[PDB]
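any chance you can model this:
(chains A, B, C and D)
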Amino acid sequence: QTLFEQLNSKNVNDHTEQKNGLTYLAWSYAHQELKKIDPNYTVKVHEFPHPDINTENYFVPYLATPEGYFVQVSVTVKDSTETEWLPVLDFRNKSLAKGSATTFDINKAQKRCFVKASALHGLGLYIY
Amino acid sequence: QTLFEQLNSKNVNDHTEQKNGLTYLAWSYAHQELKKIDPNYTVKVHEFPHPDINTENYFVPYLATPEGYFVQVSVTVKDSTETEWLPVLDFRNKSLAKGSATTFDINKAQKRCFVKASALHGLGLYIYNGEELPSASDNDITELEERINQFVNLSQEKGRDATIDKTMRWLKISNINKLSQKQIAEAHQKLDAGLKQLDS
Amino acid sequence: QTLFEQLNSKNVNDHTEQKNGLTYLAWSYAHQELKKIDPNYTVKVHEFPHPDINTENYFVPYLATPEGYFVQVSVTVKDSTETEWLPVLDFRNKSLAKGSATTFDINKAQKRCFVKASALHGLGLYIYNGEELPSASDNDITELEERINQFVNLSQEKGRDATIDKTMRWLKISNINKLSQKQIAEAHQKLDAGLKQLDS
Amino acid sequence: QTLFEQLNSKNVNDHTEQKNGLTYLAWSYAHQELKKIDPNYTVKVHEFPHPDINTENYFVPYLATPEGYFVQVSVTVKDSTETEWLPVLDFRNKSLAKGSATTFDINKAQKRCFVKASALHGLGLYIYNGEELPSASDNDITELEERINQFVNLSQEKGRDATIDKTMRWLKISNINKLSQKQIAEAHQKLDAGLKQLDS
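Residues are numbered from 1 along each chain as shown, chains lettered A, B, ... in the order given. Coordinates below:
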């Protein structure tokens, strides 16, 4: 068949967490499935020069803006490659203004953007 | 077979520590397993120019940001290579703001990020078991917000003025975000008491 | 066989020192073992410019940061090569802030990072069996905190409130973090004797 | 055989000095032994641009840092080459802060780093017994603290307790930290005759 149909036709419902009334598939499960489909795949978290610091050769792993914070993840499964944008949010799914975020908030956002990037490929698209 | 399936099918449960209710596999065990699978493998801790110092040729081993602190570890097992990001956290798994971290906090985070890189490999894939996705019961702290808003609304529904900040003043909570779990239960007790009588 | 298995299967228990309840093997022993395995092996201590000095061609042998201090050691045994980061720490295994470290603290950390780098190869990986992860006496401190907070909770539960500072005050401990183990035991008995009877 | 085993199997015990309770082999003996093993061998003391001065082409022979002072010595015996770092220390084995060191302190540290670099070779590698790790081997002096506290501990155990400063007054020691090793033995004699007999 094809990668999207094969990946799309799977049940990731069992490995999900209901937080805030939303459904999330754990990254651990996503990492394994893709690894099975493709032994050698790549996950890259983009790094962007942080604004306020403005130090030469200083690249933080997330966007920092007065409006808020952005993360980017690029998942290359087999030949196919793709990228996802996730906005950093509170544990209540609310926005975080410049200077109110914690490194923990960024890593959680980064992990969530990964599964969403995986969701672009057939796996668990129905959830996202 | 293949590296991920072989590595994935192992029990690292015996070599784990239960701290804060989370499960962690010790780095020593990870270093030996990979070493057995591949005699020559590389672990690299990325170094990034520290912002405040801004000295030429000055590269600290961790990110320093006003928002907080980040670490990166790249594990190359056999041909396969991969990288992981871990935030620096307190011994209570809380974030550390710029200027509140200690070198010891960074080294612990560096070691943790290493086993997470091993976790990306088949070894210790399920040890985390998506324990990072749950809100660690602060959603119950969010429940407090739903119950104070229910009080505010049902009070307004009676036609009586009510404000979240004054409802918060009932609980006398300085920061609804940081409140001890016993205090959340104590606050819930206050709200239900007010809320139940309107129902009667 | 292979270098990791040969090196891993050794007993370095006899040459160890129990300080602070942790176990370490002397660099002397590590230097000889590797020298036997490989007559010509290299140990390199990385040098990075001190941030405050910022003098051209000035390279100190350790990282200096507002957050703290870091050291790096790269051990090349035979063809295999590897590196270890470590935080410079006090004699009580506590972090040292920028401007509180002494050259002696750095050299001790450099020697310790060497044996840890050797531990990456099979020799001494078990002696340092993820010894960083365990409490290493942090519980000796958390336990006292759990028992004082437990009393505060039971007293407040008796309907009479008590404060953590007052519980710290009767033990007359200036810093709950620094207290001799005999003093923790001396502090623990009154609290744990009282808690069971108070809860009745 | 090989250089490390030949050099390792020697007795340098006769040419040693017991100062502060640590064992040191004199450089003169090290210079001759290596000279015999290899007629042409090189000793190089690294030079690093001094920070405060910051004069072009100005290279002092030692590191100068706000944290303290570091020296480096590279000994090339035969083909083999190697290097050792060390902290400059007082006559009491205590650290020297920036601006408190004297050129004599640096030369003594340079000579000591030489023998330690030679110790990297087989000769006397384990004879040092890693004196650097245990608070510069002041544990023998720290034992005095355990034995004076034991003398105080019997007092607390029995009807009347005695303050440590007065126990120190028995030894009449102005600074328990700086005391000659013969005086530590003499002090032990005082304490053991009181403390040991009671225990026995």
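
okay, CA-based contacts and neighbour counts for the rest of this
Will do.

tell me which residue lies nearest the centroid of chain A.
What sits nearest the mean C-alpha location of chain A, by CA atoms, centre = their mean, is residue A:113, with 1.3 Å.

residue D:47 versus that one, what's the distance?
51 Å (CA to CA, to the nearest Å).

in which helix or strand does the residue nearest to the centre of chain A reside?
Counting by DSSP states H and E, the element that carries residue A:113 is helix A:103-120.

cool, and residue A:71?
strand A:69-77.

next, the angle from the next helix or strand after that strand to helix A:103-120.
Using DSSP H and E, the helix or strand that follows strand A:69-77 towards the C-terminus is strand A:80-87. Put simply, strand A:80-87 runs at 140 degrees to helix A:103-120, going by axes from the mean of the first three to the mean of the last three CA atoms, to 10 degrees.

mind listing what strand A:80-87 pairs with, with the direction of each?
strand A:69-77 (antiparallel) (DSSP bridges).

for chain A, what lies in contact range of chain B?
A:17, A:19-20, A:24, A:26-28, A:31-32, A:35-36, A:39-40, A:42-43, A:53-60, A:91-92, A:99-104, A:106-108 (CA under 8 Å from any CA of the partner chain).

list the buried residues for stretch A:87-102?
A:87-89, A:91, A:95-96, A:101-102 (16 or more other CA atoms under 10 Å in any protein chain shown).

centre of the chain to that stretch, how far?
Here stretch A:87-102 is found 16 Å from its chain centre; the criterion is CA atoms, centre = their mean, to the nearest Å.

ok, stretch A:105-115 next?
Distance, centroid of stretch A:105-115 to centroid of chain: 5 Å (CA atoms, centre = their mean).

surely residue A:90 and residue A:104 touch.
No - counting by CA atoms under 8 Å, residue A:90 does not reach residue A:104; the two are 10.6 Å apart.

burial check on residue A:37, number of neighbours?
Residues lying near residue A:37 (other CA atoms under 10 Å in any protein chain shown) number 14.

residue in chain A nearest to chain C?
Chain C sits closest to residue A:55 of chain A, with a gap of 14.2 Å, by CA to the nearest CA.

pull the contacting residues for that residue.
B:49, B:51, B:54 (CA atoms under 8 Å, 6 or more residues apart in numbering or on different chains).

same question, residue A:86
A:70-72, A:109-110, A:112-113.

does the residue lying closest to residue A:104 once chain neighbours are set aside have beta-bridge partners, and which?
The shortest distance from residue A:104 to any non-neighbouring residue, by CA to CA, 6 or more residues apart in numbering or on different chains, is to residue B:87 (5.3 Å). Beta-bridge partners of residue B:87, counted by DSSP bridges, are residue B:70.

next one: residue B:87 from chain D, what distance?
Using CA to the nearest CA, to the nearest Å, residue B:87 is found at 28 Å from chain D.

help me confirm that residue A:117 comes into contact with residue A:72.
No - using CA under 8 Å, residue A:117 is not in contact with residue A:72; the gap is 9.2 Å.

those two: which has the busier surroundings?
For residue A:117 versus residue A:72, neighbours defined as other CA under 10 Å are more numerous around residue A:117 (25 against 22).

who touches that one in this structure?
A:73-75, A:82-84.

can you tell me which of the residues you listed are buried?
A:73-75, A:83-84.

pull the most distant pair out of these.
Greatest spatial distance in the buried ones among the contacts of residue A:117: A:75 and A:84, 8.7 Å, computed using CA to CA.

where do the contact lists of these two overlap?
A:114, A:117.

mind checking the end-to-end distance for stretch A:60-79?
28 Å.

returning to what we had before: run the chain-centre distance for the helix holding residue A:113.
On CA atoms, centre = their mean, the centre of helix A:103-120 falls 3 Å from the chain's centre.

name the residues of it that are buried.
For helix A:103-120, by 16+ other CA under 10 Å, it's A:103-120.

restricting to C-alpha, output that helix in PDB.
Listed next in PDB are the C-alpha coordinates belonging to helix A:103-120 (Å, rounded to 0.1, in the frame of the first residue of the first chain):
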ATOM      1  CA  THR A 103      12.400  25.600  30.700                       C
ATOM      2  CA  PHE A 104      10.000  22.700  31.700                       C
ATOM      3  CA  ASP A 105       7.200  24.400  29.800                       C
ATOM      4  CA  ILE A 106       9.400  24.500  26.700                       C
ATOM      5  CA  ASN A 107      10.500  20.800  26.900                       C
ATOM      6  CA  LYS A 108       6.800  19.700  27.300                       C
ATOM      7  CA  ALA A 109       5.900  21.800  24.200                       C
ATOM      8  CA  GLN A 110       8.900  20.200  22.300                       C
ATOM      9  CA  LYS A 111       7.700  16.700  23.100                       C
ATOM     10  CA  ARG A 112       4.100  17.500  22.200                       C
ATOM     11  CA  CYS A 113       5.200  19.100  18.800                       C
ATOM     12  CA  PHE A 114       7.100  15.800  18.100                       C
ATOM     13  CA  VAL A 115       3.900  13.600  18.300                       C
ATOM     14  CA  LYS A 116       2.000  16.300  16.300                       C
ATOM     15  CA  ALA A 117       4.800  16.100  13.600                       C
ATOM     16  CA  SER A 118       4.400  12.300  13.700                       C
ATOM     17  CA  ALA A 119       0.600  12.900  13.400                       C
ATOM     18  CA  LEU A 120       1.300  14.500  10.000                       C
END
